[PDB]
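Undergrad: First the structure, which I've put down as structure tokens, then a few questions once you've had a look.
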Amino acid sequence: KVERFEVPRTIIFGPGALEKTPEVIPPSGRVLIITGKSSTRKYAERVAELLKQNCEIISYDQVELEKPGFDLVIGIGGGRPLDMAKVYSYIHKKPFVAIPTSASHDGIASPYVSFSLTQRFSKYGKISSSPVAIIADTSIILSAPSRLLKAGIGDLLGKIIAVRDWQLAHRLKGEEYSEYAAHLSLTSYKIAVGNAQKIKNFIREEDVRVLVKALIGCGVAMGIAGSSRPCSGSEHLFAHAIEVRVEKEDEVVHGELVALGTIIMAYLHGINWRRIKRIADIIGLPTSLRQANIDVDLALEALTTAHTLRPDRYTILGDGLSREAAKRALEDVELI
Amino acid sequence: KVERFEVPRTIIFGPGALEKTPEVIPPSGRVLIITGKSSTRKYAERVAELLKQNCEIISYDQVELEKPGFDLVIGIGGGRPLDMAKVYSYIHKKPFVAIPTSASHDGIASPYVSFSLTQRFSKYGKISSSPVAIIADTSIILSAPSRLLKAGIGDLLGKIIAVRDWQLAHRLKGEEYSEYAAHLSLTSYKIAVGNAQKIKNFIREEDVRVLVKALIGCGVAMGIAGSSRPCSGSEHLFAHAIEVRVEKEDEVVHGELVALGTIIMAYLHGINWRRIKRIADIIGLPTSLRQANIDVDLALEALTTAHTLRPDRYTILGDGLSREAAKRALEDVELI
Amino acid sequence: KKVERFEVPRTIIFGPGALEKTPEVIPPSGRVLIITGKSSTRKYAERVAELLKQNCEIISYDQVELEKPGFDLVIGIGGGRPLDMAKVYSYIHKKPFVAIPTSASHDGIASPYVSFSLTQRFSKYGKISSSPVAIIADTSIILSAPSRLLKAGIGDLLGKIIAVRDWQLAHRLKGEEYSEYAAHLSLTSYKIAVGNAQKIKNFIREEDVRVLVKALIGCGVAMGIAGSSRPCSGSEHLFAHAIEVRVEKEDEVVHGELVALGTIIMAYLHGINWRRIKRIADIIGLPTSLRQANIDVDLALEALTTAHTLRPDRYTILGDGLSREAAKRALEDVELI
Amino acid sequence: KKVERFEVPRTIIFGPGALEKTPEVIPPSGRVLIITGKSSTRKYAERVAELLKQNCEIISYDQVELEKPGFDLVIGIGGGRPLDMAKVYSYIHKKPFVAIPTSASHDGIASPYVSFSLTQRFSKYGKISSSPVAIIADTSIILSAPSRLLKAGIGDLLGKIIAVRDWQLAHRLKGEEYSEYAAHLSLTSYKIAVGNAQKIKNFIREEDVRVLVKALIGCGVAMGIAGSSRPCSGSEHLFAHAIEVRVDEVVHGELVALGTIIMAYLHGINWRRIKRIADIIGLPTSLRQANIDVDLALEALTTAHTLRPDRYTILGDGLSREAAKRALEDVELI
Amino acid sequence: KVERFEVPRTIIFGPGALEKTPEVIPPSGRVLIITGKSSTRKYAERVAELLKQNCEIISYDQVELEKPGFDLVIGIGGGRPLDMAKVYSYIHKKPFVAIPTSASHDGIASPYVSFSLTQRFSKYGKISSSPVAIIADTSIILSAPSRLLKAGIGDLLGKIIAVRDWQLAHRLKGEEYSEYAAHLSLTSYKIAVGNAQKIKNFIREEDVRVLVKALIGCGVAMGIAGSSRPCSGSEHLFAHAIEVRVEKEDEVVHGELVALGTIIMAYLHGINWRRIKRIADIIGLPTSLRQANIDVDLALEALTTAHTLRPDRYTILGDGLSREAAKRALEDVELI
Amino acid sequence: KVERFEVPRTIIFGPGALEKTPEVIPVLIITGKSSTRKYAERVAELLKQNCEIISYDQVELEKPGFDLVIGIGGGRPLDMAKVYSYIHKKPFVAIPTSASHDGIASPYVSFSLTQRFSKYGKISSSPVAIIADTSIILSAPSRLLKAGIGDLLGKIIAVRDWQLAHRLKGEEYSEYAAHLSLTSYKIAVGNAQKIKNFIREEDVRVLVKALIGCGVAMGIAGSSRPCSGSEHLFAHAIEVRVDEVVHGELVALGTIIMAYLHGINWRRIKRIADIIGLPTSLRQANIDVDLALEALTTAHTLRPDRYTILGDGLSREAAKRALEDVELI
Ligand SMILES: [Zn+2]
Ligand SMILES: [Zn+2]
Ligand SMILES: [Zn+2]
Ligand SMILES: [Zn+2]
Ligand SMILES: [Zn+2]
Ligand SMILES: [Zn+2]
């Protein structure tokens, strides 16, 4: 039967593209500008001058999601404000404009909210908010720690696993599948390996224009697929199961964990994992648990429980990676 | 240097998609519906009924592209009414909704019109009109003529030359190149070569799905590239060189010419042209000039001048194919 | 850390006339029981009795008294049925078993294990497992078995690609013991089966039968090295077993045909080349549709959705269960319905 | 068209403290001859006397009267030398043989064959061949073995790639009987020997010894299925045997490893990959390191094809002196 | 060990290159023109017309080799007259000029006479006459039966085995070896496969140009090796052993036998015989003994005895192919 | 139509091959003004006929009156002899005392020197014999030999540029010459590690036989085309802007760049170029970046009748990116 999806209609790319955001706002109604914490306020303020629209700027933690009376919602910052804007957008049925400030994740253009253990927004229904436009100011994005930008490559790497898991789940459990969305996800995976050596450093914006487009493409894949399955499988379960067991997320980064998870899940899938390490090193991502200061026993506890995080999502983890099996995996792949 | 690009906002795709047309049409506006002159007339009438708005049906060959008066332009039919709708949309700066009832080439989702029309109406400027929406009803597309459906796969075969030529122009001339766009174009090519055997008869809706998917993918690639580069190279130059030299563009089938050009330019590029020809025969596409009823002296004129249709764009053709080299190429690839 | 014991068949004798050398593996003293079949296989048991100066009991498998003690040696002679029953009796009393296959239906001719149904039926005795100390495969006799059941020997071999792939997965996921030795042996039988299927499939010459028999014995040695049926049985055998316990009588289906069908299906689920395995099965004349095999769609779905529950300790591609919807899609895509 | 018979070891008891299960593979009655070494291996023999309800007769290979009758079962307990003696005795008197390797120096711990040299001395009797009815490899014990000899185990395994290549050649050229089952089993032992060499070379932990012993047993199983030593012995072993009849100064596995390197060169394959692996283990990779006189190695290589004329290898008619001289140069063995 | 060898000094290629032969024959001195039979005279007679020098024409079977008084000798025709001219050249230390009318053999530029069971020419010593120049008129050569030009390619297919046989002989027997000679030989093998598909029809005078230059380079290769080892091994032994046992050479042709030999010898070497059989079919060469009209007992006899034809040359046949093994090879490679 | 080519009649090759020189000749002997004069003398002893030894500087070429031209020394005495050999109908023997250049065995003179005596036309003088003493070619400056492998590496480009020129512009092409040229290329790469050292004897033989192959290929082909394409247009472009660079090191640099332009595996060529100890950067090669950019943007104009992947020219902006993306900068 009939599939339908949305794509960001307008995408502005380049240095000081933040200046151009008025081009993509209709000259109509009031504008909620959701922002991050804490250094994203310059930009969110920066924006508000350029618009003849009256626009209130609430930080994501202070947003009254049910409060109507806004005709458009911008979101600016990282994952948190962007999700929050998506939720606002969905509840009120209003256009959403994404203005990412960092590229470490693939939600940038996904209509879906990030995975949440407590299910922060389950109350609001099946949220689907494909941004009507994306302002990708490469200068803002660029001048960010090289850690968090090289990690965004790491996130791309996991798409080889996520597609496999999703295919498996389709064949074993009948989960809805889209051949195209999977190809689209791998298009973005194939970009990350083909331009691996090329952009590892990030001296120029030309390097992150490739990154961010590739992440944006993953977002649209999820949109076609109907969920994050094309871009997030066992390798992200690994990440999610770690970052739930750290005190502060501050002491660990998603895209590294994803990249580490990818090495592990490649081994479990019985595909070439040696190579994915070879790319990970070349990018400068940690290819060892110790290198990421991840405790051996923390990994084993995550690995052996990750199949329970998302019970309606089947991966190569199947029923449970056993402890003894996870120990050995870490060894053969050399994380430990 | 800051670049901005557009792609379709909404894509509704599958058996019966025409019935969901109003979902993408603003509640206010008077609508111009451009269609063809026979089989396509009923589909336009069907859409006129669905809309709750002021609208007007008119054959592509009765439109006065100068007269003003419509807020929204729909193109419904084969490549020709969609093309004319795009010109109208460009001229009067109005939104465009593409409703392909066939799948002849990559025109169904792109912002560009044929080469002939780009020339004919170049008084108005460089025609370009990204559709806000694409309604791709695969049940309606199934009933389209099978020669044209096959020709659509032909259009897709060219993308391997288009990308190589583009990469060549990037490395040798500094032409702007988009990694993402190119990969996305190559994905559509791999889909085409991968499913050609299976889909070529177009007896099932599932055959159409695969073709239309890949074609839309190419339209979008052109959107992201900001040019036809990812989907048009030296193989298209050949096809255009033939298209301008006929009295009417309907003496010729675009995809068929592109398929012939692709065999030729693969040879010039030094890759495996025999593979391409083999796929082209499997599909039922003409693989000699005689099979396509194209005259050899005309083919030679086209080939020797093809580099002058777009002399700002470098391709393997460089500053031109010599006539004996042209002749020899047609001979080696067994086109004559 | 743990001490491991493995049993492998000691003496393997095969070729034309091999029945005549049976006495070379029968100890001088002792009381011998000979379990054989109901009709045709009896003459071959009689023959074996003459070579031992008739000092043994002969019985057909359906008339064995499993609690009867005092025998020193049990010999199975016939098709899979009496070899199964010989293994059961052999296990109950902890006596040496000698396999004298008269047919080459499946790898049972050389493994320690018996049919899934029989293993359940007599579970009160333990996990039935009798590794034959000796195998005597007369290829001229085996040449005379039914063509359908000989082709089914090949079908049983086709499943080894799936079983090894399921075993590897189980190793990586559950840390279950794995032996490259067992696996490479079992995959060699697989290799030889597909490689020679076109040539041997009619089994009109002793050489054709020789190929099949050696591949089945190789599997038997593989299971011995492994300490389990893992190298020769996986998710494809689960499908077979799930059909086998649900049928009114054994002979309504043939094990090796079911293995072949399940091999196509599980190959689809593993995402490997099922098209290639299906072609090989059509070359042999093995059923490649539920219709041909005389299996009701509903029985096959119930079987596909529950097969993972038959041996829960045994991880396969089936995970924690193939859904009905997914089972139906696969049947469709592999053209078994 | 002939009937064929194959013997494979029936029971394989493998692991730490496996020696204690010995009574499980020994029959209820019958005289038991235990043959063992003369230094360290006696205590291991001694325990078997205990564990075995029955009186048995512990005796060194040094002192075995071969023609002396009197036993229903022969155990060989120790390294290669008592196990060979046990198989000869067993072959002579037609009695079941149990292999209880205390070391793992070569694939003789699970094969039915004895050293080439020994096969000659007792050729009077026929081809000495005793397939062990059972194998009891206690990896705790085996770990106490000379590292040098354990390392030589991996040496003996390095030859299998050649033995199988010679076997495949003989099959295609001479029509000699071939078993893919035996071939792939022997190559698995090889694939594993190389894959784990660096990891297991030191033999400090049971893990190490277990992978070596498994790979040797596999080889034994391969020889049983094939009904010959073809899976585990080709031109590399021919080279080794030719040295072994001209000198216990040298070690079997070391010789096989050197031969392997040379026969890899002759076969046109990757001798460097093999030599790399041999040095990684710490096996002699030169005539100098090995203490083999060049003229003796040359005599060996030029005559090696005459030891078993019935079995074709890459040596064919005979390697010429110049070629053998060249060979040793190219592989930097001299 | 200082090495020396000769290479044809002057080579002349094209349509009517026979008209240019007086170009490569010094002005003074008497010229022997050794011709084949029977219709070969027309070419020798024409060369005599163009020659200012006094010159006798003699059928190769009427040549008195020991008769001096000729300053230069021309071989014109097949392998026999050319070999006869090589012997003359060597006996008298006189210039040899080669004029091949066929391209069915690698003798054209070879210093050495072909294999002979009877040892026709052994009395004259180690014959080595690299022609000083070659006159390769592609018109006359293209004028050969289509069947026999195809065989010429077959001859080139054997070189992959000859080199392996040679390497094996160098390694096991210390036979003299030349890496460069082996490579030049393979150069011509790769050209055979590289251009197999296209040139195999021989419509074009340019198809034959490629063939003959391949055959010539094999010639030179033998010169560098100091013998024919690098262009003849076990595959040629099969051919020769068949040629020795047939009643009439016409009954079978040489190149087809080499190609068949090559398939068998590849199997024995344990390399990809399928690849070679595929290329042989594409060329149009026989790939079964039935297709070549060859008794199976004949082929078995040839195979089992071929190791004794040239006992100073070692090959994969080594000590001898057993009858059972030779039957199996024939089955396993589907020649029977 | 019909064409004829020449290749060397006799080739003497190995340790002490220089003593067999009387074998090949039935005299002018052009040498240098360097350590090469040593061997120019070591020969005239063993020749019955009179020999005027006279180095390329003092060589006068209008003047006839010699029966045979012998080139002994580097690439330049060899090329002068070819020149001198072309003007008069006199045979050329080539006695290379070094292995830096493609044309030790080639009938064509360097591009630089072809443009000097263009009064007589394209010079083509295939040496009737080649004496290649491997023992002396060791004592030749060591890096100059190292380069030779480098000069070899450019053939993969030269062959592809040539095919392109054939298929696009209709230039004459020889399958055989191309495959022969390519075999030389595979010899260079295939042994670069095992011969990297230049310690063993064969380490000179492998290079020299590969180079000779090319000369022969050029002869067969009737042009430098199988051995000189766009990678060489780079080298020739650098060479006319100076004498502080080795020809073959440039060719190797050009090969990396042109491999990148062509879309093939320039990294693989980069790996191999390192092993030999060739410059894999303009810095490493002591090359002013401005120079290299002008070389790269101008090189298509050197031989306008010779099409390559350069087409009608590399843009200044693309040249810099190219340099940067292949890490030459
Ligand atoms: Zn992520
Ligand atoms: Zn098009
Ligand atoms: Zn079974
Ligand atoms: Zn050994
Ligand atoms: Zn020939
Ligand atoms: Zn050069």
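Labels for the structure tokens follow display order: chains A, B, ..., residues from 1 in each chain, ligands from 1.
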Cα-based RMSD, chain B fitted onto chain E, all atoms paired in sequence order: value?
TA: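 When all C-alpha atoms are superposed, the deviation is 1.7 Å.
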Undergrad: Show me, as a list in words, the residues of chain E whose atoms get within 6 Å of chain F, using only C-alpha atoms for the distance check.
TA: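 Listed by rising number, the hits are residues 2, 3, 4, 5, 6, 7, 9, 10, 11, 12, 13 and 14 of chain E.
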Undergrad: Skipping near chain neighbours, those fewer than 6 positions away, what residues fall within 12 Å of residue 153 (chain F) using only C-alpha atoms, listed as number ranges by chain?
TA: F: 102, 146-147, 159, 181-190, 192, 207, 210-211, 214, 227-229, 231-232, 248-256, 258-259, 266, 268-273, 276, 278
Undergrad: For the residues selected in the previous step, produce a file with C-alpha atoms as a CSV table (one decimal), in the first residue's frame.
TA:
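Listing of out-v8.csv after writing:
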```csv
chain,number,residue,atom,x,y,z
F,102,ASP,CA,63.7,5.2,-20.8
F,146,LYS,CA,66.8,4.5,-8.3
F,147,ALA,CA,65.1,6.8,-10.4
F,159,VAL,CA,49.5,3.6,-21.7
F,181,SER,CA,55.5,-1.2,-22.1
F,182,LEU,CA,53.1,-2.4,-19.4
F,183,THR,CA,55.1,-5.6,-18.8
F,184,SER,CA,58.1,-3.4,-18.0
F,185,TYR,CA,55.8,-1.5,-15.5
F,186,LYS,CA,54.8,-4.7,-13.8
F,187,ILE,CA,58.4,-5.8,-13.5
F,188,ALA,CA,59.3,-2.5,-11.8
F,189,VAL,CA,56.5,-2.6,-9.2
F,190,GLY,CA,56.6,-6.4,-8.8
F,192,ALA,CA,60.6,-2.9,-6.0
F,207,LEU,CA,65.9,-2.4,-14.1
F,210,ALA,CA,62.7,-3.4,-18.1
F,211,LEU,CA,64.1,-0.1,-19.6
F,214,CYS,CA,60.5,0.2,-23.3
F,227,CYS,CA,56.5,5.3,-22.5
F,228,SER,CA,55.8,9.0,-22.3
F,229,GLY,CA,52.4,10.5,-21.5
F,231,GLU,CA,53.4,12.1,-16.3
F,232,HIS,CA,56.3,12.9,-18.6
F,248,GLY,CA,62.9,9.7,-13.1
F,249,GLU,CA,62.0,11.2,-9.7
F,250,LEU,CA,59.9,13.8,-11.5
F,251,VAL,CA,58.2,11.1,-13.7
F,252,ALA,CA,57.3,9.3,-10.5
F,253,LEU,CA,55.9,12.5,-9.0
F,254,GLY,CA,53.9,13.1,-12.2
F,255,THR,CA,52.6,9.5,-12.0
F,256,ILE,CA,51.0,10.0,-8.6
F,258,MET,CA,48.2,11.8,-13.1
F,259,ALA,CA,47.1,8.6,-11.5
F,266,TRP,CA,47.6,6.8,-6.8
F,268,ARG,CA,49.4,2.3,-4.4
F,269,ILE,CA,51.9,4.2,-6.6
F,270,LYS,CA,52.7,6.4,-3.6
F,271,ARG,CA,53.5,3.4,-1.5
F,272,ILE,CA,55.8,1.9,-4.1
F,273,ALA,CA,57.5,5.3,-4.8
F,276,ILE,CA,62.5,3.0,-3.8
F,278,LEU,CA,62.0,8.5,-4.5
```
Undergrad: Each residue of chain D with at least one atom at most 12 Å from chain E should appear once, together with its nearest atom pair and the corresponding distance in Å (one decimal); atoms considered: only C-alpha atoms; ordering: chain, then increasing residue number; output as a tab-separated table.
TA:
```
residue	atom	partner	partner_atom	distance
D:165	CA	E:270	CA	9.7
D:166	CA	E:270	CA	11.5
D:168	CA	E:270	CA	8.6
D:169	CA	E:268	CA	7.5
D:170	CA	E:325	CA	9.3
D:171	CA	E:325	CA	7.4
D:172	CA	E:325	CA	5.9
D:173	CA	E:321	CA	5.2
D:174	CA	E:322	CA	5.1
D:175	CA	E:325	CA	4.5
D:176	CA	E:325	CA	8.3
D:177	CA	E:325	CA	10.6
D:178	CA	E:325	CA	11.9
D:262	CA	E:171	CA	10.7
D:263	CA	E:172	CA	10.0
D:264	CA	E:171	CA	11.1
D:265	CA	E:171	CA	8.2
D:266	CA	E:171	CA	6.0
D:267	CA	E:168	CA	7.8
D:268	CA	E:168	CA	7.8
D:269	CA	E:168	CA	11.6
D:301	CA	E:172	CA	10.7
D:302	CA	E:172	CA	10.1
D:305	CA	E:319	CA	11.8
D:309	CA	E:319	CA	11.1
D:310	CA	E:319	CA	11.9
D:311	CA	E:319	CA	11.8
D:312	CA	E:319	CA	8.9
D:313	CA	E:318	CA	10.0
D:314	CA	E:172	CA	8.3
D:315	CA	E:172	CA	7.0
D:316	CA	E:318	CA	6.1
D:317	CA	E:319	CA	6.1
D:318	CA	E:172	CA	7.7
D:319	CA	E:172	CA	5.1
D:320	CA	E:173	CA	5.2
D:321	CA	E:173	CA	8.3
D:322	CA	E:174	CA	5.9
D:323	CA	E:174	CA	4.7
D:324	CA	E:172	CA	7.7
D:325	CA	E:174	CA	9.5
D:326	CA	E:174	CA	8.0
D:327	CA	E:171	CA	7.4
D:328	CA	E:171	CA	11.2
D:330	CA	E:171	CA	10.4
```
Undergrad: Leaving out residue 143 (chain B) and any residue of its chain fewer than 4 positions from it, which residues lie within 9 Å of it when counting only C-alpha atoms, given as a list in words?
TA: residues 101, 102, 138 and 139 of chain B
Undergrad: Rounded to one decimal in Å, what is the spacing between CA of residue 121 (chain D) and CA of residue 287 (chain D)?
TA: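 Separation between CA of residue 121 (chain D) and CA of residue 287 (chain D): 27.3 Å.
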Undergrad: Could the residues that lie within 9 Å of ligand 1, counting only C-alpha atoms and all ligand atoms, be listed as a ChimeraX atom specification?
TA: /A:104-107,114,152,154-156,158,231-232,236,239,254-255,258
Undergrad: Could the residues in this selection be saved with C-alpha atoms as a PDB file, in the first residue's frame?
TA:
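And here's again.pdb as it stands now:
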```pdb
ATOM      1  CA  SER A 104      27.762  14.164  16.230  1.00  0.00           C
ATOM      2  CA  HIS A 105      24.472  12.551  15.706  1.00  0.00           C
ATOM      3  CA  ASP A 106      22.095  11.618  12.868  1.00  0.00           C
ATOM      4  CA  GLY A 107      18.892  13.123  14.290  1.00  0.00           C
ATOM      5  CA  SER A 114      16.187  10.217  19.947  1.00  0.00           C
ATOM      6  CA  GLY A 152      29.926  11.948  13.936  1.00  0.00           C
ATOM      7  CA  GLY A 154      31.858   7.049  13.930  1.00  0.00           C
ATOM      8  CA  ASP A 155      28.101   7.266  14.017  1.00  0.00           C
ATOM      9  CA  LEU A 156      27.974   6.902  10.226  1.00  0.00           C
ATOM     10  CA  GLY A 158      27.441   1.872  12.347  1.00  0.00           C
ATOM     11  CA  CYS A 231      20.456   3.959  10.994  1.00  0.00           C
ATOM     12  CA  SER A 232      20.455   2.433  14.485  1.00  0.00           C
ATOM     13  CA  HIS A 236      23.720   1.821  18.994  1.00  0.00           C
ATOM     14  CA  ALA A 239      26.238   2.808  23.011  1.00  0.00           C
ATOM     15  CA  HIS A 254      28.186   8.609  21.458  1.00  0.00           C
ATOM     16  CA  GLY A 255      29.906   8.304  18.085  1.00  0.00           C
ATOM     17  CA  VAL A 258      28.869   3.548  18.273  1.00  0.00           C
TER      18      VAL A 258
END
```
Undergrad: Just the alpha helix (DSSP H) stuff from region 185-282 of chain A, please, per backbone DSSP, written as a ChimeraX atom specification.
TA: /A:185-194,196-199,205-225,234-243,254-269,274-282
Undergrad: From the DSSP assignment of the backbone, select every residue of region 35-282 of chain B that is strand (DSSP E or B), and format the answer as a list in words.
TA: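 Secondary structure check on region 35-282 of chain B, strand (DSSP E or B): residues 35, 55, 56, 57, 58, 59, 72, 73, 74, 75, 76, 77, 96, 97, 98, 99, 100, 133, 134, 135 and 136 of chain B.
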Undergrad: Find the residues around region 37-41 of chain F up to 9 Å (only C-alpha atoms counted), leave out those fewer than 3 positions away in its own chain, and share them as JSON, numbers by chain.
TA: {"F": [18, 29, 30, 31, 32, 33, 34, 44, 45, 53, 54, 55, 71, 72, 73, 97, 136]}
Undergrad: With N, CA and C atoms retained, export the selected residues as a PDB file, in the first residue's frame.
TA:
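Final file, selection_22.pdb:
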```
ATOM      1  N   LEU F  18      80.853  -5.497 -21.638  1.00  0.00           N
ATOM      2  CA  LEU F  18      81.627  -4.484 -22.362  1.00  0.00           C
ATOM      3  C   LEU F  18      82.815  -5.029 -23.184  1.00  0.00           C
ATOM      4  N   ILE F  29      83.289   7.833 -31.358  1.00  0.00           N
ATOM      5  CA  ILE F  29      82.804   7.330 -30.081  1.00  0.00           C
ATOM      6  C   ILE F  29      82.499   8.511 -29.157  1.00  0.00           C
ATOM      7  N   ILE F  30      81.209   8.840 -29.050  1.00  0.00           N
ATOM      8  CA  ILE F  30      80.733   9.966 -28.246  1.00  0.00           C
ATOM      9  C   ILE F  30      80.507   9.682 -26.775  1.00  0.00           C
ATOM     10  N   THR F  31      81.298  10.328 -25.935  1.00  0.00           N
ATOM     11  CA  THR F  31      81.236  10.175 -24.498  1.00  0.00           C
ATOM     12  C   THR F  31      80.848  11.479 -23.839  1.00  0.00           C
ATOM     13  N   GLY F  32      81.227  11.598 -22.582  1.00  0.00           N
ATOM     14  CA  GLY F  32      80.977  12.773 -21.795  1.00  0.00           C
ATOM     15  C   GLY F  32      82.247  13.461 -21.354  1.00  0.00           C
ATOM     16  N   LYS F  33      82.127  14.257 -20.301  1.00  0.00           N
ATOM     17  CA  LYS F  33      83.229  15.015 -19.713  1.00  0.00           C
ATOM     18  C   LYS F  33      83.241  14.728 -18.210  1.00  0.00           C
ATOM     19  N   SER F  34      83.090  13.446 -17.874  1.00  0.00           N
ATOM     20  CA  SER F  34      82.849  12.999 -16.504  1.00  0.00           C
ATOM     21  C   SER F  34      83.648  11.716 -16.203  1.00  0.00           C
ATOM     22  N   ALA F  44      88.409   1.383 -26.882  1.00  0.00           N
ATOM     23  CA  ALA F  44      89.162   1.671 -28.119  1.00  0.00           C
ATOM     24  C   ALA F  44      90.429   0.820 -28.266  1.00  0.00           C
ATOM     25  N   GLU F  45      90.923   0.289 -27.145  1.00  0.00           N
ATOM     26  CA  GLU F  45      91.930  -0.774 -27.145  1.00  0.00           C
ATOM     27  C   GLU F  45      91.500  -1.953 -28.021  1.00  0.00           C
ATOM     28  N   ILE F  53      87.652   9.489 -29.785  1.00  0.00           N
ATOM     29  CA  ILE F  53      86.832   9.730 -28.589  1.00  0.00           C
ATOM     30  C   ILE F  53      86.622  11.232 -28.462  1.00  0.00           C
ATOM     31  N   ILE F  54      85.363  11.653 -28.364  1.00  0.00           N
ATOM     32  CA  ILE F  54      85.020  13.079 -28.391  1.00  0.00           C
ATOM     33  C   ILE F  54      83.675  13.317 -27.699  1.00  0.00           C
ATOM     34  N   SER F  55      83.723  14.059 -26.595  1.00  0.00           N
ATOM     35  CA  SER F  55      82.587  14.206 -25.682  1.00  0.00           C
ATOM     36  C   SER F  55      81.521  15.167 -26.219  1.00  0.00           C
ATOM     37  N   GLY F  71      77.580   5.454 -28.807  1.00  0.00           N
ATOM     38  CA  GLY F  71      77.249   6.296 -27.664  1.00  0.00           C
ATOM     39  C   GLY F  71      77.578   5.547 -26.396  1.00  0.00           C
ATOM     40  N   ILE F  72      78.584   6.012 -25.668  1.00  0.00           N
ATOM     41  CA  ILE F  72      78.938   5.409 -24.388  1.00  0.00           C
ATOM     42  C   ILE F  72      78.911   6.462 -23.295  1.00  0.00           C
ATOM     43  N   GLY F  73      78.100   6.220 -22.272  1.00  0.00           N
ATOM     44  CA  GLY F  73      77.942   7.162 -21.181  1.00  0.00           C
ATOM     45  C   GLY F  73      76.489   7.270 -20.788  1.00  0.00           C
ATOM     46  N   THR F  97      76.288   3.306 -19.888  1.00  0.00           N
ATOM     47  CA  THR F  97      77.072   3.150 -18.662  1.00  0.00           C
ATOM     48  C   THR F  97      76.252   3.579 -17.449  1.00  0.00           C
ATOM     49  N   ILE F 136      79.317  -2.319 -14.604  1.00  0.00           N
ATOM     50  CA  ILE F 136      79.635  -0.886 -14.657  1.00  0.00           C
ATOM     51  C   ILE F 136      78.425  -0.031 -14.261  1.00  0.00           C
TER      52      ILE F 136
END
```
Undergrad: Write out as a list in words every residue belonging to chain B that has an atom at most 12 Å from any atom of chain E, counting only C-alpha atoms.
TA: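 Per the criterion, chain B yields residues 274, 331, 332, 333 and 334 of chain B.
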Undergrad: Find the residues around residue 222 (chain D) up to 8 Å (only C-alpha atoms counted), leave out those fewer than 3 positions away in its own chain, and share them as a ChimeraX atom specification.
TA: /D:181-183,185-186,218-219,225-226,231-232
Undergrad: Store the residues of this selection in a file with C-alpha atoms, as a JSON list (two decimals), in the first residue's frame.
TA:
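Saved as selection-v6.json:
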```json
[["chain", "number", "residue", "atom", "x", "y", "z"],
["D", 181, "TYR", "CA", 37.76, -35.50, 3.76],
["D", 182, "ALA", "CA", 41.27, -36.35, 4.97],
["D", 183, "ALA", "CA", 42.80, -33.52, 2.92],
["D", 185, "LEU", "CA", 40.97, -32.11, 7.92],
["D", 186, "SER", "CA", 44.80, -32.03, 7.69],
["D", 218, "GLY", "CA", 43.03, -34.24, 13.80],
["D", 219, "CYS", "CA", 45.98, -35.24, 11.67],
["D", 225, "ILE", "CA", 40.17, -41.76, 6.90],
["D", 226, "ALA", "CA", 42.72, -41.75, 4.05],
["D", 231, "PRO", "CA", 47.43, -36.18, 4.31],
["D", 232, "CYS", "CA", 50.26, -35.50, 6.76]]
```
